[PDB]
Amino acid sequence: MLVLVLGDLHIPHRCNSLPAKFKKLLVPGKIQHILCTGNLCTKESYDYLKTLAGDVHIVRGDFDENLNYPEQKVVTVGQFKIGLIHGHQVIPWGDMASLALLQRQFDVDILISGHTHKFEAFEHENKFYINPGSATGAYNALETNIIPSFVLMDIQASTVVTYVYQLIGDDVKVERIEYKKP
Amino acid sequence: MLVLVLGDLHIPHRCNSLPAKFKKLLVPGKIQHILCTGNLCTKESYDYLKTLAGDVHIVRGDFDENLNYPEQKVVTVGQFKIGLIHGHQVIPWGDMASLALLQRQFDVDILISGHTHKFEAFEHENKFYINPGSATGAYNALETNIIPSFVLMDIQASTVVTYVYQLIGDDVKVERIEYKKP
Amino acid sequence: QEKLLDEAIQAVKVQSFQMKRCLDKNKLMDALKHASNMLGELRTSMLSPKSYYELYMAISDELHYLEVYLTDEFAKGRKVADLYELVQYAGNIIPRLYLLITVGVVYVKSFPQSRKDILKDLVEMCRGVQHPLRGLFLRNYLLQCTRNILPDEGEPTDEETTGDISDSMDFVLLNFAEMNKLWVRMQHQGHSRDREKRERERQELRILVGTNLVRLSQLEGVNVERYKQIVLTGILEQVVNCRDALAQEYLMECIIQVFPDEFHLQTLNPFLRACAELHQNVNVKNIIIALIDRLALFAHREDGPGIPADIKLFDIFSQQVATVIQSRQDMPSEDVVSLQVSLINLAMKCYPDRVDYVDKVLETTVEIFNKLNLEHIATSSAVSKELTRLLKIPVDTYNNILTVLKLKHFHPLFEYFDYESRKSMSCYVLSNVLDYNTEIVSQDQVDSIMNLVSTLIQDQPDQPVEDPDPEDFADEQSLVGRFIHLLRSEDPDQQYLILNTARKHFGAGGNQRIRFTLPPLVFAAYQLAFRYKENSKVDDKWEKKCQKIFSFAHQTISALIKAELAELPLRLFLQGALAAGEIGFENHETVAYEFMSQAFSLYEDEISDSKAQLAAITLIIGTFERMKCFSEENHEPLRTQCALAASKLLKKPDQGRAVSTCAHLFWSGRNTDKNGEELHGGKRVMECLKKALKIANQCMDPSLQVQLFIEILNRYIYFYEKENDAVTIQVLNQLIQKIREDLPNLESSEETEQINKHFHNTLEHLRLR
Amino acid sequence: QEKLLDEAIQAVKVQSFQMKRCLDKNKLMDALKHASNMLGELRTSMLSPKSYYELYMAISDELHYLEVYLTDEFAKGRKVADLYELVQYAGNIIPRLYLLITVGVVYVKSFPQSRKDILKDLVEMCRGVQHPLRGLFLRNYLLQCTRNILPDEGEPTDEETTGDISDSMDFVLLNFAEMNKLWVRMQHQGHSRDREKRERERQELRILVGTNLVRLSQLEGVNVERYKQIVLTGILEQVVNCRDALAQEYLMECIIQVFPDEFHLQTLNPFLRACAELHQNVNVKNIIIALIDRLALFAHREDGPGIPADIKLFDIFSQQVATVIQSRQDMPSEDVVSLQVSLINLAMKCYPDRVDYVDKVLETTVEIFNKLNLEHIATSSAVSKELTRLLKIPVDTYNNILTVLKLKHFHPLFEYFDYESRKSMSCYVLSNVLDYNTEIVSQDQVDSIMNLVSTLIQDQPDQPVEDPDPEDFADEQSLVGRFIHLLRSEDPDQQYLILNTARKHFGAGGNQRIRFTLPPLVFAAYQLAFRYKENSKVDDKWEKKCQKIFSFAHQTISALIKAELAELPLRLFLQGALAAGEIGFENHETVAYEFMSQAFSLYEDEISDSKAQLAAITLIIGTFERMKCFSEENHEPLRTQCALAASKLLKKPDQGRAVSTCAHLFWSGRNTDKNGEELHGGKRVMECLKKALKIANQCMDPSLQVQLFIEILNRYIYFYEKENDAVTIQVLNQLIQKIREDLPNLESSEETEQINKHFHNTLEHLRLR
């Protein structure tokens, strides 16, 4: 199975929708799972998500209207145990050491979080860390140059391949990164 | 006319009934009026009261089950205008200055209240203050030594004589106190 | 018809006229010819036994006037011999023999030498008569004639008089055998379709039979020694050998009534072996009860020897009754228990000493119930009624309830109660066990009590229990009252244990029950805490004891919390906090803080009503302020958190009152830095009043706005006169004025006048007026 | 009945059979006698119009075999002279005239020289016709006979052969005028109650009349000038002269359909002036629409010159339709609008370019609506339906909504509508304004759009009324979001102005609204603030621009504050603070300090929930931690103020977490003193962890105690490995020992195990233990 990971859409607070090209890449049928970090903010964006797939997981972001979302959630995807949290609860905000400290407590193999709006995919002490970024390149006071993006991973079995989708210029560049349980 | 004043029986929360001897002193026919401060708590105790006399007045105490009782009530008895309140609404709890402040607002010649479980009968600035105490010597965290008691007053006309009934030792000691409108 | 009767009573009155006429003119034989004519009227068969009885009583009472008339003539010396042949001249046997009896007794008075001979004669001459009714009426005349002339202890022993007590005894035993023979023949005479008429008729003549025993009882010569050897032995052979039930039962009742206990105590057991062979169809319970009643009035009878200890009466009757029951074919079990009830009452009142007897009885009743493999007792069943009436005698009688609790089988008998009846009866009994106040109870007896409660309150209901009224909705108060009562008497550390067992026990009680039960247990904890302080001289581990008891209470209360109630637990937390404060143990401060924060938690989470809001917060504020062991470092934060909580409510009126009430919190507070002296934070108190004032100026609702101003004004005076420098008199002037420049801008109301009075009194109270 | 027909067709087939029999056998007059008796069969008339028509068509088809026979005969030269006289012997007029037409066309074919004379005779003698049915069918036979042989222009012109196109035209117009006369005469013949039957029959026959025009159209001679001068003058003379409506309307549509638009364009004003005089009961609307449709398919018909510029169709048609409307007396206004719709479509498709036309359209529609004293048109009225369909066409067709703002006269249309329909349409338009990305607008047009928004956000059923509906409400926001986005693509100096009008607008928004509308505006401000600094070279008042805009933001925020909200203003101060920090302008520290104190005020005052506290403090710390512009004189007050405020919190668990979080404040706390780096005084970090420790030692909850030690332990590791020399390994050892001597004393739980995993991983990583 392959899962979709996105967040920090910030609609309609800072953006009105996902970039034109990205919409053309996210179509129903392909995705069996969706892990959403960010505050999509409007329920309008939750429905669109509910389109691409049926099993959607969302954690509460620092600007989401609905308070009914989980601060953090742990969802198992095959052989992988994955944690989800928005990120604003991690101080300092994008600190690896703090994320790591969080990984222990959750006891997950992979940890998804956003809030910084900067795509990140790296390995640390046999664990995997992913930050999709902002699917809408939503504004962020700390970084004057944000790049739209999302990330869908493909899990065969105790092996993951995460595809990062960035929107640089007009075309949509891509990058591959593989991780396998220790 | 003579009136009976009691309260804070706390049945069955802390006591099961009025002391043995006291029961022998309160018999129908003698009493034409009853002003009850305290939380007798159980309707079972309201009926017993309804026995000694027919015109019974009760104010809601901080532990009474029935919420239908008055927080405070003003009943006229001949030439006397008398106020009734449990006491827990008077802060500090048994403060004379606070009781007095209450007397003004009610505009009564005599003010009956309990809650402290300590008998009190005194005069202040041409007004009269009475606290029957606890007819059952009901427990009270603030005072480790409570003395059962009630108090029946006799009004001839613009002159009252309040009889305080205390249960010290075995015998029932008594004390007389007179007050007359200014 | 009743006419036959009237014609007879007229002719009788005619003939009794002819008696008195002849008695006047001394024509005796002419009166006796008419006496014969009356008895011709007795040849009728159509009349009722009662009718015959009335006519007989008429003729008998008039004949006595003749009898005394004759007796007088004879007492006058006019004695005529040769009377025996002459009286035989009457054609009818009845007049002849009536004449023989009448003149015979006359000979007895006039010739005491003949008394023995004449009595033996008359008793033997009665063999002439064989008809039941007329024979009975004859023997009645006999009984009244011999009522007084029979030998006895109070007769003159005149060497002319003849006849003894032995003659009287032989006389009556014979008359008994003769009357029962005739009487029983009456049973089978006539047609079998008159069974109800015969038995009614028998009932009617039953008094005739009992009068003989009445006659035996006035006999002084009826002493205990003749009764023991000869009299009772004789009577019991005829009685037992008649093998009937109606007669045996009647005569035996008459026996019960007639003989003294003097006779009965020496002759119960011979008499009781006789009692044991009796006919099957008879009611014996009623016999036994009458006996029980008489021996009962003997047990509680004072100025009498009582029961000698060597003769263990109860064991005797118990064993004989047991044998009798064995002899009984199918006698209703309810009846056995009605008998058990009297055996209880008796053993208790006659042998109070020996409870062990009562236990042998309860154990034997148990074997009976075990032998009877019967299903549960229906609510209708008289058996349950009786078993209840049985159990109450110990319950009503024995004021001591431990001994009941020592009855092991007292609970197992409960089995036979049905569930509805288990509920009703167990409630009634336990209620009775409560109406006597009960004192200290041991662990084991607490256990047996807990078993009694567990059976009273709740097993799984027999049917899914449907309740218009589940109980007397709350009838169980006294139960907990008593528990709590006896607890304060046992020594302390055991009590805590018992309290824990009480907890588990009621925890298993049910679902909607324990809500009322545990608060009292909470009060228990406090008092035991008090006992611990009263033991504060020899003990140092009292603080550890305290730690455990408050920890036990904390769990128990959290249990109540699960039961999802808020207000009540809040007060219970208040009391617990206070308790820990007063105890002042180590870690006590920490304890106070949990009770406060859980209560606050309840406030937030379980908040629904504005009224409930105001009440809960006013109680919270009123409750804390006396909390005074806290360090200022700790006392100060908590105050502010409460102040803030208060400042976040919805409604503006209450908000202003509360914020103003909080002032006392900023002044009356005391720091642990001033060694008990108040922190005296006037400045913050002022700021409190400031914010309060701003909120006041926004009331814009005249009546409450102003009245609220009045309170805030009172607050200023309070602090001004309380040596609080920040409270300037200038502010008070500005405010009284503002209220003055506004009070007119108001429509007159019951209040506005009082507001003037308040303001004037307030200024006058300064002694500045 | 319908039998008459079959019997008639039988007899007809009989006579026409014996007729054709005589014609093959070449004895002509006998064939003509059978033909005559057969046409006698046409003397019955009771036939249905349909039935009579079939008999007619049958007989015409048999006569065709005769016509070709004759045509051949004449081509064979076998011609008998004087046929008209011999045939006039037939006594009735009917045989004569059937014979005359038949022989006439034969002579015309055989004698084209005789064509003019024969046609002039036939046309003149047909004036005899007076009966509707037979006359109609005869002149139809005429029309079919005259199908091809009439004079024409590309025809050989033998000066024996006489007759031209003008003669053919006169021929058909005359026969037409006579036939139309009889046909309209059909309206009144018979009883007045057959009018629906009559009109049905005529409607059936309308094609007969139109066939004349078809015949006129194949006439090659029809040039535009003959069309101009002859055809329309004749037809319009009869039309204006007939003052009927059913015929005029049918014939005029048939014309419309039939002739090429080239002829119509040269003859429009005559044709439309004629159209204006027509009868009032005429639905001229359907005609005009058909006309509009034909010229529309003519406008976008390519392979043509397009519209000649001299041809001002719009002015012509506009003025004539106008004249027609004056000529109309009872026009449904809805019909006027249905025509206005087509008037749109025309102007739209022929001249998208020229807006002034569209405005002239809007002015005439408006003048119409104003003379109509109509209230705002509710949902029920068809008028609103039409006005909707009209207006959406500009709305739908004008892709660019900016272009609408060039039309000033559009806005006046909003007036006439109902609020409900204004709401529906306003939604429709704005939805189109988002779907069609129409971007940043001119200020004046920005004004008028904002005026439209102000009408949306301020008006209700058709006045501002709150009749509350549980329904969606958030349809109005995303729209504003987009607006606000495109707004920012102006140059710097425009934004302040645009910002001011947007501000006033939202100031007028309401209170139930502004919470969602202003945040985007906040971000607007920010990005422009970024624009001024990034452009700090070509601008010198950029620092001033920043100061004014931040003051602007402060008021705007305070606006949100009066709505009595907390969260949003707190966050808006944080974002603003961060912005000013990054800009670092002159007086920036002071501004930031001001914005900060507003945030602190909000924090205290607007502090509600334990959760809300943790969230607010986490936001305050995260913002505070990276802020670096304040020097110690400013950094230090806020620092201590924050430390105390934090140390005041509610809940001990949370208390420990927060106090531990504060460490970072003592480590990341970097001010401008030694130029942004922290002085790195281990000591305050030590005291911070100390208080944290103290709080730990007080929590006394196994589960939480341990959980908190493991976190504080990991925290210690971070700072040790962060080279806090103050962190001795000895302290860590003493504490790990304590944790070891306590870890066993635990039950089984889901957490304790995880706490072990965490601890084991932690000890396994570091290796320096």
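Including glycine, each Cβ sits where the backbone N, Cα and C put it.
Record check of A:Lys21, A:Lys43, A:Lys50, A:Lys127 in Swiss-Prot: the feature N6-acetyllysine is attached to A:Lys50. Matching A:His117, A:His124 to the Zn(2+) 1 binding residues that Swiss-Prot gives (A:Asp8, A:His10, A:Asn39) identifies A:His117. Site annotation (Swiss-Prot): Zn(2+) 2 is bound by A:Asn39, A:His86, A:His115, and the candidate from A:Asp55, A:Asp62, A:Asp154 recorded at this site is A:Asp62. Taking the centroid of the Cβ atoms of A:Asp8, A:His10, A:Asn39, A:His117 as the Zn(2+) 1 site, the other same-chain residues with Cβ within 8 Å of it are A:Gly7, A:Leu9, A:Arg14, A:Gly38, A:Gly61, A:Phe63, A:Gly114, A:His115, A:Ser134, A:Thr136, A:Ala138, A:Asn140.
The residues near the Zn(2+) 2 site, meaning same-chain residues not in A:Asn39, A:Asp62, A:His86, A:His115 whose C-beta sits within 8 angstroms of the mean position of the site's C-beta atoms, are A:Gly7, A:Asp8, A:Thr37, A:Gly38, A:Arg60, A:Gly61, A:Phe63, A:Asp64, A:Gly87, A:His88, A:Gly114, in sequence order.
Here the recorded positions are A:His10, A:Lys50, A:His86, A:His115, A:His117, and the one whose Cβ sees the fewest other Cβ atoms within 10 Å is A:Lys50. Non-local neighbourhood of A:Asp62 (Zn(2+) 2 binding site): A:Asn39, A:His86, A:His88, A:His115, each in the same chain, at least six residues away, with C-beta under 8 Å from its C-beta. Rounded to a whole value, the Cα-Cα separation of A:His117 (Zn(2+) 1 binding site) and A:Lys50 (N6-acetyllysine) is 22 Å. The Cβ neighbour count for A:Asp8 (Zn(2+) 1 binding site), using a 10 Å radius over every protein chain in view, is 32.
Cα to Cα, A:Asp8 (Zn(2+) 1 binding site) and A:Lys50 (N6-acetyllysine) are separated by 16 Å. A separation of roughly 17 Å, to the nearest angstrom, links the Cα atoms of A:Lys50 (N6-acetyllysine) and A:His10 (Zn(2+) 1 binding site). Around the Cβ of A:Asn39 (Zn(2+) 1 binding site), 28 further Cβ atoms fall within 10 Å across all displayed protein chains.
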